[PDB]
Each structure stands twice: as structure tokens, then as C-alpha cells.
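Okay, my_file-v5.cif is below, mmCIF, N, CA and C atoms and all ligand atoms:
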data_protein
loop_
_atom_site.label_atom_id
_atom_site.label_comp_id
_atom_site.auth_asym_id
_atom_site.auth_seq_id
_atom_site.Cartn_x
_atom_site.Cartn_y
_atom_site.Cartn_z
N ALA W 1 -22.51 -25.20 -93.81
CA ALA W 1 -21.85 -26.50 -94.13
C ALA W 1 -20.36 -26.39 -93.83
N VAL W 2 -19.82 -27.41 -93.17
CA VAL W 2 -18.39 -27.46 -92.89
C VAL W 2 -17.54 -27.39 -94.16
N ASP W 3 -16.51 -26.53 -94.14
CA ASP W 3 -15.44 -26.51 -95.14
C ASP W 3 -14.33 -27.40 -94.59
N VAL W 4 -14.30 -28.65 -95.08
CA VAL W 4 -13.36 -29.65 -94.58
C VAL W 4 -11.90 -29.26 -94.86
N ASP W 5 -11.60 -28.75 -96.04
CA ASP W 5 -10.23 -28.38 -96.35
C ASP W 5 -9.74 -27.26 -95.42
N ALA W 6 -10.63 -26.31 -95.13
CA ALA W 6 -10.24 -25.17 -94.32
C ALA W 6 -10.03 -25.62 -92.90
N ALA W 7 -10.89 -26.53 -92.47
CA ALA W 7 -10.69 -27.10 -91.13
C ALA W 7 -9.34 -27.84 -90.98
N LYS W 8 -9.04 -28.75 -91.90
CA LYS W 8 -7.79 -29.50 -91.86
C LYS W 8 -6.56 -28.56 -92.02
N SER W 9 -6.67 -27.54 -92.86
CA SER W 9 -5.64 -26.53 -92.98
C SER W 9 -5.35 -25.81 -91.62
N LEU W 10 -6.42 -25.36 -90.95
CA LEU W 10 -6.25 -24.70 -89.66
C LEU W 10 -5.62 -25.65 -88.60
N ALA W 11 -6.08 -26.91 -88.62
CA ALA W 11 -5.51 -27.94 -87.71
C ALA W 11 -4.01 -28.14 -87.99
N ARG W 12 -3.60 -28.22 -89.25
CA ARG W 12 -2.21 -28.43 -89.60
C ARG W 12 -1.38 -27.26 -89.12
N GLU W 13 -1.88 -26.04 -89.39
CA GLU W 13 -1.18 -24.83 -89.06
C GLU W 13 -0.95 -24.58 -87.58
N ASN W 14 -1.83 -25.13 -86.73
CA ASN W 14 -1.76 -24.89 -85.30
C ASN W 14 -1.39 -26.11 -84.46
N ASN W 15 -0.77 -27.07 -85.13
CA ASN W 15 -0.12 -28.24 -84.52
C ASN W 15 -1.09 -29.28 -84.00
N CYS W 16 -2.36 -29.10 -84.32
CA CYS W 16 -3.37 -29.97 -83.77
C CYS W 16 -3.11 -31.43 -84.09
N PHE W 17 -2.70 -31.73 -85.29
CA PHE W 17 -2.48 -33.11 -85.73
C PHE W 17 -1.16 -33.67 -85.16
N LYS W 18 -0.35 -32.85 -84.51
CA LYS W 18 0.84 -33.43 -83.85
C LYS W 18 0.42 -34.29 -82.66
N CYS W 19 -0.71 -33.95 -82.06
CA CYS W 19 -1.18 -34.71 -80.92
C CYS W 19 -2.48 -35.50 -81.14
N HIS W 20 -3.26 -35.14 -82.18
CA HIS W 20 -4.59 -35.73 -82.42
C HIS W 20 -4.61 -36.36 -83.79
N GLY W 21 -5.17 -37.55 -83.89
CA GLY W 21 -5.58 -38.05 -85.19
C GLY W 21 -7.06 -38.04 -85.36
N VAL W 22 -7.52 -38.19 -86.60
CA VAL W 22 -8.93 -38.42 -86.83
C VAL W 22 -9.41 -39.69 -86.13
N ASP W 23 -8.76 -40.82 -86.42
CA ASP W 23 -9.19 -42.11 -85.86
C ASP W 23 -8.16 -42.70 -84.91
N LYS W 24 -6.90 -42.32 -85.04
CA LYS W 24 -5.84 -42.83 -84.20
C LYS W 24 -5.53 -41.86 -83.08
N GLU W 25 -5.57 -42.40 -81.88
CA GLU W 25 -5.10 -41.78 -80.67
C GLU W 25 -3.60 -41.46 -80.73
N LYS W 26 -3.21 -40.30 -80.28
CA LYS W 26 -1.84 -40.05 -79.95
C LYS W 26 -1.79 -39.46 -78.56
N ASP W 27 -1.05 -38.38 -78.39
CA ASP W 27 -0.93 -37.71 -77.08
C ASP W 27 -2.33 -37.28 -76.58
N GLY W 28 -3.14 -36.82 -77.53
CA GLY W 28 -4.49 -36.40 -77.31
C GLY W 28 -5.51 -37.41 -77.88
N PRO W 29 -6.77 -37.35 -77.47
CA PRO W 29 -7.82 -38.30 -77.98
C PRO W 29 -8.04 -38.14 -79.47
N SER W 30 -8.44 -39.22 -80.11
CA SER W 30 -8.83 -39.09 -81.51
C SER W 30 -10.02 -38.16 -81.63
N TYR W 31 -10.14 -37.54 -82.80
CA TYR W 31 -11.26 -36.65 -82.93
C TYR W 31 -12.55 -37.42 -83.06
N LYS W 32 -12.48 -38.66 -83.56
CA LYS W 32 -13.64 -39.57 -83.57
C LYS W 32 -14.14 -39.77 -82.17
N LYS W 33 -13.23 -40.04 -81.21
CA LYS W 33 -13.62 -40.23 -79.80
C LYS W 33 -14.19 -38.95 -79.17
N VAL W 34 -13.62 -37.82 -79.54
CA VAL W 34 -14.17 -36.56 -79.07
C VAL W 34 -15.58 -36.39 -79.60
N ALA W 35 -15.75 -36.57 -80.91
CA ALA W 35 -17.08 -36.43 -81.53
C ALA W 35 -18.07 -37.35 -80.81
N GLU W 36 -17.63 -38.58 -80.52
CA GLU W 36 -18.53 -39.53 -79.78
C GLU W 36 -18.88 -38.97 -78.39
N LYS W 37 -17.90 -38.43 -77.68
CA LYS W 37 -18.13 -37.90 -76.36
C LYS W 37 -19.15 -36.78 -76.36
N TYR W 38 -19.12 -35.97 -77.42
CA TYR W 38 -19.98 -34.81 -77.43
C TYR W 38 -21.26 -35.00 -78.26
N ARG W 39 -21.47 -36.19 -78.81
CA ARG W 39 -22.60 -36.41 -79.73
C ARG W 39 -23.89 -36.06 -79.01
N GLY W 40 -24.71 -35.24 -79.65
CA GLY W 40 -26.01 -34.78 -79.14
C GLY W 40 -26.00 -33.64 -78.18
N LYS W 41 -24.85 -33.33 -77.55
CA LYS W 41 -24.86 -32.29 -76.56
C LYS W 41 -25.25 -30.94 -77.14
N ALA W 42 -26.28 -30.31 -76.55
CA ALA W 42 -26.77 -29.06 -77.15
C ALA W 42 -25.70 -27.96 -77.20
N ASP W 43 -24.81 -27.95 -76.22
CA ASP W 43 -23.77 -26.91 -76.18
C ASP W 43 -22.40 -27.39 -76.62
N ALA W 44 -22.37 -28.46 -77.42
CA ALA W 44 -21.10 -29.00 -77.85
C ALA W 44 -20.18 -27.99 -78.53
N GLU W 45 -20.74 -27.30 -79.51
CA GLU W 45 -19.91 -26.32 -80.22
C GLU W 45 -19.33 -25.24 -79.32
N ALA W 46 -20.17 -24.67 -78.47
CA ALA W 46 -19.68 -23.61 -77.59
C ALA W 46 -18.59 -24.19 -76.64
N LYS W 47 -18.82 -25.43 -76.17
CA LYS W 47 -17.85 -26.04 -75.25
C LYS W 47 -16.49 -26.25 -75.88
N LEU W 48 -16.48 -26.70 -77.13
CA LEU W 48 -15.17 -26.95 -77.78
C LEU W 48 -14.54 -25.64 -78.25
N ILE W 49 -15.35 -24.67 -78.64
CA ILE W 49 -14.77 -23.32 -78.95
C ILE W 49 -14.07 -22.78 -77.69
N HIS W 50 -14.75 -22.93 -76.52
CA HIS W 50 -14.15 -22.59 -75.25
C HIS W 50 -12.87 -23.36 -74.98
N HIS W 51 -12.92 -24.65 -75.19
CA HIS W 51 -11.77 -25.49 -74.89
C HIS W 51 -10.53 -25.07 -75.69
N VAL W 52 -10.69 -24.72 -76.96
CA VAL W 52 -9.53 -24.36 -77.79
C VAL W 52 -9.02 -22.92 -77.70
N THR W 53 -9.78 -22.11 -76.98
CA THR W 53 -9.48 -20.68 -76.82
C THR W 53 -9.22 -20.27 -75.38
N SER W 54 -9.11 -21.22 -74.43
CA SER W 54 -8.88 -20.89 -73.00
C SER W 54 -7.56 -21.33 -72.36
N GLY W 55 -6.90 -22.35 -72.90
CA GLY W 55 -5.69 -22.86 -72.25
C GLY W 55 -5.84 -23.48 -70.92
N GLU W 56 -6.94 -24.21 -70.73
CA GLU W 56 -7.15 -24.87 -69.46
C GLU W 56 -6.33 -26.14 -69.43
N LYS W 57 -6.23 -26.72 -68.24
CA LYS W 57 -5.41 -27.92 -68.06
C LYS W 57 -5.84 -29.08 -68.97
N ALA W 58 -4.82 -29.77 -69.45
CA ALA W 58 -4.99 -30.92 -70.33
C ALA W 58 -4.16 -31.99 -69.68
N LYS W 59 -4.83 -33.11 -69.36
CA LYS W 59 -4.16 -34.22 -68.71
C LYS W 59 -3.69 -35.18 -69.78
N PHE W 60 -2.37 -35.48 -69.75
CA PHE W 60 -1.77 -36.36 -70.76
C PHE W 60 -1.79 -37.82 -70.33
N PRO W 61 -1.59 -38.75 -71.30
CA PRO W 61 -1.64 -40.15 -70.98
C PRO W 61 -0.66 -40.58 -69.89
N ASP W 62 0.53 -40.00 -69.88
CA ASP W 62 1.57 -40.42 -68.91
C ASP W 62 1.41 -39.78 -67.53
N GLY W 63 0.37 -38.98 -67.35
CA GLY W 63 -0.04 -38.43 -66.04
C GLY W 63 0.33 -36.97 -65.86
N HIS W 64 1.21 -36.43 -66.69
CA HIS W 64 1.56 -35.01 -66.56
C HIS W 64 0.48 -34.12 -67.18
N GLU W 65 0.50 -32.85 -66.79
CA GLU W 65 -0.46 -31.89 -67.31
C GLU W 65 0.25 -30.72 -67.98
N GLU W 66 -0.47 -30.11 -68.90
CA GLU W 66 -0.01 -28.87 -69.60
C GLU W 66 -1.26 -28.03 -69.81
N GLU W 67 -1.07 -26.73 -70.03
CA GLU W 67 -2.20 -25.88 -70.45
C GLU W 67 -2.43 -26.25 -71.93
N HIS W 68 -3.68 -26.49 -72.36
CA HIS W 68 -3.96 -26.90 -73.75
C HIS W 68 -3.60 -25.78 -74.72
N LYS W 69 -3.16 -26.15 -75.93
CA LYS W 69 -2.95 -25.23 -77.08
C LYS W 69 -4.13 -24.24 -77.13
N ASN W 70 -3.82 -22.95 -77.17
CA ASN W 70 -4.84 -21.91 -77.16
C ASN W 70 -4.71 -21.14 -78.46
N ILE W 71 -5.71 -21.21 -79.31
CA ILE W 71 -5.66 -20.49 -80.57
C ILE W 71 -6.46 -19.16 -80.54
N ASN W 72 -6.83 -18.69 -79.36
CA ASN W 72 -7.53 -17.40 -79.25
C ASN W 72 -6.64 -16.29 -79.83
N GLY W 73 -7.19 -15.55 -80.79
CA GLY W 73 -6.43 -14.49 -81.42
C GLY W 73 -5.50 -14.95 -82.52
N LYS W 74 -5.43 -16.25 -82.78
CA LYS W 74 -4.52 -16.81 -83.81
C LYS W 74 -5.24 -17.18 -85.10
N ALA W 75 -6.56 -17.12 -85.08
CA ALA W 75 -7.34 -17.30 -86.31
C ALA W 75 -8.66 -16.59 -86.11
N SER W 76 -9.45 -16.55 -87.18
CA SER W 76 -10.68 -15.86 -87.10
C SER W 76 -11.71 -16.66 -86.31
N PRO W 77 -12.68 -15.98 -85.70
CA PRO W 77 -13.78 -16.70 -85.06
C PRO W 77 -14.47 -17.70 -86.03
N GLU W 78 -14.70 -17.29 -87.26
CA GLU W 78 -15.33 -18.17 -88.24
C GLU W 78 -14.48 -19.41 -88.51
N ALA W 79 -13.17 -19.23 -88.62
CA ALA W 79 -12.32 -20.42 -88.87
C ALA W 79 -12.32 -21.40 -87.68
N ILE W 80 -12.34 -20.85 -86.49
CA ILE W 80 -12.28 -21.68 -85.27
C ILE W 80 -13.59 -22.46 -85.19
N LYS W 81 -14.71 -21.79 -85.43
CA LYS W 81 -16.05 -22.43 -85.44
C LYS W 81 -16.09 -23.58 -86.47
N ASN W 82 -15.58 -23.30 -87.66
CA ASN W 82 -15.59 -24.30 -88.71
C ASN W 82 -14.74 -25.51 -88.33
N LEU W 83 -13.62 -25.28 -87.67
CA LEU W 83 -12.80 -26.41 -87.23
C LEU W 83 -13.52 -27.26 -86.13
N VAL W 84 -14.15 -26.62 -85.16
CA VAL W 84 -14.94 -27.29 -84.14
C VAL W 84 -16.04 -28.10 -84.79
N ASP W 85 -16.73 -27.47 -85.74
CA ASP W 85 -17.86 -28.15 -86.39
C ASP W 85 -17.38 -29.41 -87.13
N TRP W 86 -16.21 -29.32 -87.74
CA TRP W 86 -15.60 -30.49 -88.41
C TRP W 86 -15.34 -31.57 -87.40
N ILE W 87 -14.62 -31.26 -86.34
CA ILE W 87 -14.38 -32.23 -85.29
C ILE W 87 -15.63 -32.95 -84.80
N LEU W 88 -16.66 -32.17 -84.48
CA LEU W 88 -17.89 -32.76 -83.95
C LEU W 88 -18.58 -33.72 -84.91
N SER W 89 -18.34 -33.54 -86.21
CA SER W 89 -18.92 -34.43 -87.18
C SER W 89 -18.28 -35.79 -87.36
N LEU W 90 -17.13 -36.03 -86.73
CA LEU W 90 -16.29 -37.19 -87.09
C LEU W 90 -16.70 -38.52 -86.39
N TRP W 91 -17.82 -38.55 -85.70
CA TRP W 91 -18.25 -39.81 -85.10
C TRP W 91 -18.72 -40.80 -86.12
N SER W 92 -19.19 -40.33 -87.26
CA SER W 92 -19.71 -41.20 -88.29
C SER W 92 -18.64 -41.44 -89.39
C1 LIG X 1 -0.35 -31.97 -77.73
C2 LIG X 1 0.69 -31.13 -77.30
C3 LIG X 1 -1.69 -31.35 -78.10
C4 LIG X 1 -1.92 -30.34 -79.01
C5 LIG X 1 -0.92 -29.65 -79.87
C6 LIG X 1 -3.30 -30.07 -79.12
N1 LIG X 1 -3.88 -30.95 -78.26
FE1 LIG X 1 -5.93 -31.10 -78.04
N2 LIG X 1 -5.73 -32.24 -76.48
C7 LIG X 1 -4.55 -32.78 -76.01
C8 LIG X 1 -4.78 -33.60 -74.80
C9 LIG X 1 -3.73 -34.30 -74.02
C10 LIG X 1 -6.09 -33.59 -74.60
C11 LIG X 1 -6.87 -34.34 -73.50
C12 LIG X 1 -7.03 -33.48 -72.28
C13 LIG X 1 -7.78 -34.13 -71.11
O1 LIG X 1 -7.64 -33.60 -69.98
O2 LIG X 1 -8.58 -35.10 -71.26
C14 LIG X 1 -6.70 -32.78 -75.67
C15 LIG X 1 -8.08 -32.60 -75.75
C16 LIG X 1 -8.62 -32.00 -76.88
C17 LIG X 1 -10.00 -32.01 -77.22
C18 LIG X 1 -11.07 -32.68 -76.37
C19 LIG X 1 -11.56 -31.71 -75.32
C20 LIG X 1 -12.72 -32.22 -74.49
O3 LIG X 1 -13.49 -31.37 -73.93
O4 LIG X 1 -12.99 -33.43 -74.48
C21 LIG X 1 -10.12 -31.34 -78.41
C22 LIG X 1 -11.36 -31.11 -79.23
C23 LIG X 1 -8.83 -30.89 -78.80
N3 LIG X 1 -7.98 -31.30 -77.83
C24 LIG X 1 -8.64 -30.14 -79.96
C25 LIG X 1 -7.36 -29.65 -80.30
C26 LIG X 1 -7.13 -28.76 -81.39
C27 LIG X 1 -8.20 -28.23 -82.30
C28 LIG X 1 -5.82 -28.46 -81.44
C29 LIG X 1 -5.08 -27.50 -82.29
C30 LIG X 1 -5.56 -26.19 -82.08
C31 LIG X 1 -5.19 -29.17 -80.34
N4 LIG X 1 -6.17 -29.92 -79.67
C32 LIG X 1 -3.84 -29.20 -80.02
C33 LIG X 1 -3.27 -32.54 -76.56
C34 LIG X 1 -2.98 -31.68 -77.61
#

Would you write the structure of this file as C-alpha cells?
Amino acid sequence: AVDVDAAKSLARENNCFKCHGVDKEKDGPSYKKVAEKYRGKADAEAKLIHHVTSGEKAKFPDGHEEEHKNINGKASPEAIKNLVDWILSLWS
């Protein structure tokens, strides 16, 4: 079961909410929209764990790109999984 407080704590600590809201878009997509994009995908969790631990290109609204925030080695595997699992749940 997702630990919601631990997920939101990890997000705060790693600047995630500076660019993402739960329901409101900012620099990055809302997590509700992400959850919708990935709803049902069998490999959703692995894909988002990959996304947050690789630093691949992230295209911004104004057209510029940056390597995405990479938290590999900055928290535990269990904490990262729990944060992904929280995100994926936010479609409802
Ligand atoms: C602003 C500087 C950002 C910070 C800090 C973080 N994210 Fe981000 N993220 C951002 C952008 C601009 C995008 C869109 C990239 C694109 O090319 O479309 C994203 C995307 C995500 C996603 C969706 C990935 C996908 O496969 O659809 C997730 C789940 C996500 N970002 C999570 C996330 C987390 C957990 C962060 C803190 C560790 C974080 N982001 C920081 C911009 C920014």
C-alpha cells in the first residue's frame, strides 16, 4: 500500500513540486495527467522508475529541453518505488 506522506515528503525534498502539481500543470505535466497517460500500462511502474533515475531529455512548454531531475542514488529504491506508485494512483 502506498505511503502517501512518504511519497509527498520525497517529492518536496527533491523539488518535484516546483514543476509538477497534483492537478495543476506547471513547467511539467500534472501528476493526474501522468497517471491518466499511464493508466493500465503493465510496465508503468518500471517506466516511471526509469524516467526519474535516468536524466533523459525533458521537453518544456516553451520549447527548450533539459535533462530531467535524476534522483538515482539520492533516495532508497523503496522510497522511489513508493513515490512512483503514488503518482500512478492520481487519475482517480
Ligand atoms: C522542472 C525543472 C521539473 C522538475 C524539478 C521535475 N520535473 Fe518531472 N517533468 C518535467 C517536464 C518538463 C516533464 C515533461 C517532459 C516531456 O518531454 O514531456 C516532466 C515529466 C515528468 C513525468 C512524466 C514522464 C512521462 O513518461 O510521461 C513524471 C512522472 C515526472 N516528471 C516526475 C517528476 C518527479 C518525481 C520529480 C522529482 C524527482 C520531477 N519530475 C522533477 C519537469 C520537471

Next on the checklist: What residues of the protein or nucleic acid chains come within 8 Å of ligand LIG 1 (chain X) when you use only C-alpha atoms and all ligand atoms? Reply as a ChimeraX atom specification.
Outcome noted: /W:10-12,14-20,27-29,31,34,37-38,47-48,51-52,57-61,65-66,68-71,83-84,87

Item to check | Test item, strand (DSSP E or B) assignment across region 13-71 of chain W, answer as JSON, numbers by chain | outcome: {"W": [20, 25, 57, 58, 59, 65, 66, 67]}

Dump of N, CA and C atoms for the selected residues, as a JSON list (two decimals), in the coordinates of the input:
[["chain", "number", "residue", "atom", "x", "y", "z"],
["W", 20, "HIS", "N", -3.26, -35.14, -82.18],
["W", 20, "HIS", "CA", -4.59, -35.73, -82.42],
["W", 20, "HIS", "C", -4.61, -36.36, -83.79],
["W", 25, "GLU", "N", -5.57, -42.40, -81.88],
["W", 25, "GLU", "CA", -5.10, -41.78, -80.67],
["W", 25, "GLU", "C", -3.60, -41.46, -80.73],
["W", 57, "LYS", "N", -6.23, -26.72, -68.24],
["W", 57, "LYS", "CA", -5.41, -27.92, -68.06],
["W", 57, "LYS", "C", -5.84, -29.08, -68.97],
["W", 58, "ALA", "N", -4.82, -29.77, -69.45],
["W", 58, "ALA", "CA", -4.99, -30.92, -70.33],
["W", 58, "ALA", "C", -4.16, -31.99, -69.68],
["W", 59, "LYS", "N", -4.83, -33.11, -69.36],
["W", 59, "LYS", "CA", -4.16, -34.22, -68.71],
["W", 59, "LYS", "C", -3.69, -35.18, -69.78],
["W", 65, "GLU", "N", 0.50, -32.85, -66.79],
["W", 65, "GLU", "CA", -0.46, -31.89, -67.31],
["W", 65, "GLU", "C", 0.25, -30.72, -67.98],
["W", 66, "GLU", "N", -0.47, -30.11, -68.90],
["W", 66, "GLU", "CA", -0.01, -28.87, -69.60],
["W", 66, "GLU", "C", -1.26, -28.03, -69.81],
["W", 67, "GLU", "N", -1.07, -26.73, -70.03],
["W", 67, "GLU", "CA", -2.20, -25.88, -70.45],
["W", 67, "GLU", "C", -2.43, -26.25, -71.93]]

Checklist entry - Between W:30, W:53, W:82, W:76, which one has atoms that come closest to residue 4 (chain W), using all atoms listed in the file? => result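 With all atoms listed in the file as the atom set, the closest residue is W:82.
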
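A straight line drawn from CA of residue 44 (chain W) to CA of residue 2 (chain W) is 15.4 Å long.
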
Next on the checklist: To one decimal place in Å, what is the distance between atom N of residue 62 (chain W) and atom C of residue 86 (chain W)?
Outcome noted: 25.1 Å

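With atom C of residue 9 (chain W) on one side and CA of residue 46 (chain W) on the other, the separation reads 20.2 Å.
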
Next on the checklist: Let me make sure I understand: among W:6, W:21, W:36, W:1, which one has the smallest atom-to-atom distance to residue 89 (chain W) if we use only N, CA and C atoms?
Outcome noted: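 Among the listed residues, the smallest separation from residue 89 (chain W) belongs to W:36.
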
For a cut-off of 6.5 Å around (-18.5, -38.8, -86.5), file coordinates, pick out all residues using all atoms listed in the file and list them as an mmCIF file with N, CA and C atoms, in the frame of the given file.
data_model
loop_
_atom_site.group_PDB
_atom_site.id
_atom_site.type_symbol
_atom_site.label_atom_id
_atom_site.label_comp_id
_atom_site.auth_asym_id
_atom_site.auth_seq_id
_atom_site.Cartn_x
_atom_site.Cartn_y
_atom_site.Cartn_z
ATOM 1 N N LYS W 32 -12.480 -38.660 -83.560
ATOM 2 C CA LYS W 32 -13.640 -39.570 -83.570
ATOM 3 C C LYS W 32 -14.140 -39.770 -82.170
ATOM 4 N N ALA W 35 -15.750 -36.570 -80.910
ATOM 5 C CA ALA W 35 -17.080 -36.430 -81.530
ATOM 6 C C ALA W 35 -18.070 -37.350 -80.810
ATOM 7 N N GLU W 36 -17.630 -38.580 -80.520
ATOM 8 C CA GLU W 36 -18.530 -39.530 -79.780
ATOM 9 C C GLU W 36 -18.880 -38.970 -78.390
ATOM 10 N N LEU W 88 -16.660 -32.170 -84.480
ATOM 11 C CA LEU W 88 -17.890 -32.760 -83.950
ATOM 12 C C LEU W 88 -18.580 -33.720 -84.910
ATOM 13 N N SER W 89 -18.340 -33.540 -86.210
ATOM 14 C CA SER W 89 -18.920 -34.430 -87.180
ATOM 15 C C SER W 89 -18.280 -35.790 -87.360
ATOM 16 N N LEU W 90 -17.130 -36.030 -86.730
ATOM 17 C CA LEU W 90 -16.290 -37.190 -87.090
ATOM 18 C C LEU W 90 -16.700 -38.520 -86.390
ATOM 19 N N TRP W 91 -17.820 -38.550 -85.700
ATOM 20 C CA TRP W 91 -18.250 -39.810 -85.100
ATOM 21 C C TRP W 91 -18.720 -40.800 -86.120
ATOM 22 N N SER W 92 -19.190 -40.330 -87.260
ATOM 23 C CA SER W 92 -19.710 -41.200 -88.290
ATOM 24 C C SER W 92 -18.640 -41.440 -89.390
#

Checklist entry - So which residues of chain W fall under helix (DSSP H, G or I) by DSSP, listed as number ranges by chain? => result W: 4-13, 16-19, 31-38, 44-54, 77-91

Write out, as a compact mmCIF listing (two decimals), in the frame of the given file, the residues just selected, with N, CA and C atoms.
# COMPACT_ATOMS: atom_id res chain seq x y z
N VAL W 4 -14.30 -28.65 -95.08
CA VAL W 4 -13.36 -29.65 -94.58
C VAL W 4 -11.90 -29.26 -94.86
N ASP W 5 -11.60 -28.75 -96.04
CA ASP W 5 -10.23 -28.38 -96.35
C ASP W 5 -9.74 -27.26 -95.42
N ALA W 6 -10.63 -26.31 -95.13
CA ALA W 6 -10.24 -25.17 -94.32
C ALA W 6 -10.03 -25.62 -92.90
N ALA W 7 -10.89 -26.53 -92.47
CA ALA W 7 -10.69 -27.10 -91.13
C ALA W 7 -9.34 -27.84 -90.98
N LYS W 8 -9.04 -28.75 -91.90
CA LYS W 8 -7.79 -29.50 -91.86
C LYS W 8 -6.56 -28.56 -92.02
N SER W 9 -6.67 -27.54 -92.86
CA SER W 9 -5.64 -26.53 -92.98
C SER W 9 -5.35 -25.81 -91.62
N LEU W 10 -6.42 -25.36 -90.95
CA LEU W 10 -6.25 -24.70 -89.66
C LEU W 10 -5.62 -25.65 -88.60
N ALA W 11 -6.08 -26.91 -88.62
CA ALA W 11 -5.51 -27.94 -87.71
C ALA W 11 -4.01 -28.14 -87.99
N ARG W 12 -3.60 -28.22 -89.25
CA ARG W 12 -2.21 -28.43 -89.60
C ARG W 12 -1.38 -27.26 -89.12
N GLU W 13 -1.88 -26.04 -89.39
CA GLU W 13 -1.18 -24.83 -89.06
C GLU W 13 -0.95 -24.58 -87.58
N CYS W 16 -2.36 -29.10 -84.32
CA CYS W 16 -3.37 -29.97 -83.77
C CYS W 16 -3.11 -31.43 -84.09
N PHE W 17 -2.70 -31.73 -85.29
CA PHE W 17 -2.48 -33.11 -85.73
C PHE W 17 -1.16 -33.67 -85.16
N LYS W 18 -0.35 -32.85 -84.51
CA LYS W 18 0.84 -33.43 -83.85
C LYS W 18 0.42 -34.29 -82.66
N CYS W 19 -0.71 -33.95 -82.06
CA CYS W 19 -1.18 -34.71 -80.92
C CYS W 19 -2.48 -35.50 -81.14
N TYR W 31 -10.14 -37.54 -82.80
CA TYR W 31 -11.26 -36.65 -82.93
C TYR W 31 -12.55 -37.42 -83.06
N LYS W 32 -12.48 -38.66 -83.56
CA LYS W 32 -13.64 -39.57 -83.57
C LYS W 32 -14.14 -39.77 -82.17
N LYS W 33 -13.23 -40.04 -81.21
CA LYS W 33 -13.62 -40.23 -79.80
C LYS W 33 -14.19 -38.95 -79.17
N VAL W 34 -13.62 -37.82 -79.54
CA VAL W 34 -14.17 -36.56 -79.07
C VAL W 34 -15.58 -36.39 -79.60
N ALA W 35 -15.75 -36.57 -80.91
CA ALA W 35 -17.08 -36.43 -81.53
C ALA W 35 -18.07 -37.35 -80.81
N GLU W 36 -17.63 -38.58 -80.52
CA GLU W 36 -18.53 -39.53 -79.78
C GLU W 36 -18.88 -38.97 -78.39
N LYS W 37 -17.90 -38.43 -77.68
CA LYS W 37 -18.13 -37.90 -76.36
C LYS W 37 -19.15 -36.78 -76.36
N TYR W 38 -19.12 -35.97 -77.42
CA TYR W 38 -19.98 -34.81 -77.43
C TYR W 38 -21.26 -35.00 -78.26
N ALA W 44 -22.37 -28.46 -77.42
CA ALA W 44 -21.10 -29.00 -77.85
C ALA W 44 -20.18 -27.99 -78.53
N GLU W 45 -20.74 -27.30 -79.51
CA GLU W 45 -19.91 -26.32 -80.22
C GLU W 45 -19.33 -25.24 -79.32
N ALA W 46 -20.17 -24.67 -78.47
CA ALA W 46 -19.68 -23.61 -77.59
C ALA W 46 -18.59 -24.19 -76.64
N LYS W 47 -18.82 -25.43 -76.17
CA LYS W 47 -17.85 -26.04 -75.25
C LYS W 47 -16.49 -26.25 -75.88
N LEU W 48 -16.48 -26.70 -77.13
CA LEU W 48 -15.17 -26.95 -77.78
C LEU W 48 -14.54 -25.64 -78.25
N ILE W 49 -15.35 -24.67 -78.64
CA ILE W 49 -14.77 -23.32 -78.95
C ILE W 49 -14.07 -22.78 -77.69
N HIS W 50 -14.75 -22.93 -76.52
CA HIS W 50 -14.15 -22.59 -75.25
C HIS W 50 -12.87 -23.36 -74.98
N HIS W 51 -12.92 -24.65 -75.19
CA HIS W 51 -11.77 -25.49 -74.89
C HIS W 51 -10.53 -25.07 -75.69
N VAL W 52 -10.69 -24.72 -76.96
CA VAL W 52 -9.53 -24.36 -77.79
C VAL W 52 -9.02 -22.92 -77.70
N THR W 53 -9.78 -22.11 -76.98
CA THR W 53 -9.48 -20.68 -76.82
C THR W 53 -9.22 -20.27 -75.38
N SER W 54 -9.11 -21.22 -74.43
CA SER W 54 -8.88 -20.89 -73.00
C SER W 54 -7.56 -21.33 -72.36
N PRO W 77 -12.68 -15.98 -85.70
CA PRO W 77 -13.78 -16.70 -85.06
C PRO W 77 -14.47 -17.70 -86.03
N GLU W 78 -14.70 -17.29 -87.26
CA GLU W 78 -15.33 -18.17 -88.24
C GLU W 78 -14.48 -19.41 -88.51
N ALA W 79 -13.17 -19.23 -88.62
CA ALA W 79 -12.32 -20.42 -88.87
C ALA W 79 -12.32 -21.40 -87.68
N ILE W 80 -12.34 -20.85 -86.49
CA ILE W 80 -12.28 -21.68 -85.27
C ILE W 80 -13.59 -22.46 -85.19
N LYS W 81 -14.71 -21.79 -85.43
CA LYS W 81 -16.05 -22.43 -85.44
C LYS W 81 -16.09 -23.58 -86.47
N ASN W 82 -15.58 -23.30 -87.66
CA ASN W 82 -15.59 -24.30 -88.71
C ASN W 82 -14.74 -25.51 -88.33
N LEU W 83 -13.62 -25.28 -87.67
CA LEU W 83 -12.80 -26.41 -87.23
C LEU W 83 -13.52 -27.26 -86.13
N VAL W 84 -14.15 -26.62 -85.16
CA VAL W 84 -14.94 -27.29 -84.14
C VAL W 84 -16.04 -28.10 -84.79
N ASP W 85 -16.73 -27.47 -85.74
CA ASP W 85 -17.86 -28.15 -86.39
C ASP W 85 -17.38 -29.41 -87.13
N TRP W 86 -16.21 -29.32 -87.74
CA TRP W 86 -15.60 -30.49 -88.41
C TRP W 86 -15.34 -31.57 -87.40
N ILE W 87 -14.62 -31.26 -86.34
CA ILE W 87 -14.38 -32.23 -85.29
C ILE W 87 -15.63 -32.95 -84.80
N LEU W 88 -16.66 -32.17 -84.48
CA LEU W 88 -17.89 -32.76 -83.95
C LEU W 88 -18.58 -33.72 -84.91
N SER W 89 -18.34 -33.54 -86.21
CA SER W 89 -18.92 -34.43 -87.18
C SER W 89 -18.28 -35.79 -87.36
N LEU W 90 -17.13 -36.03 -86.73
CA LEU W 90 -16.29 -37.19 -87.09
C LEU W 90 -16.70 -38.52 -86.39
N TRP W 91 -17.82 -38.55 -85.70
CA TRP W 91 -18.25 -39.81 -85.10
C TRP W 91 -18.72 -40.80 -86.12
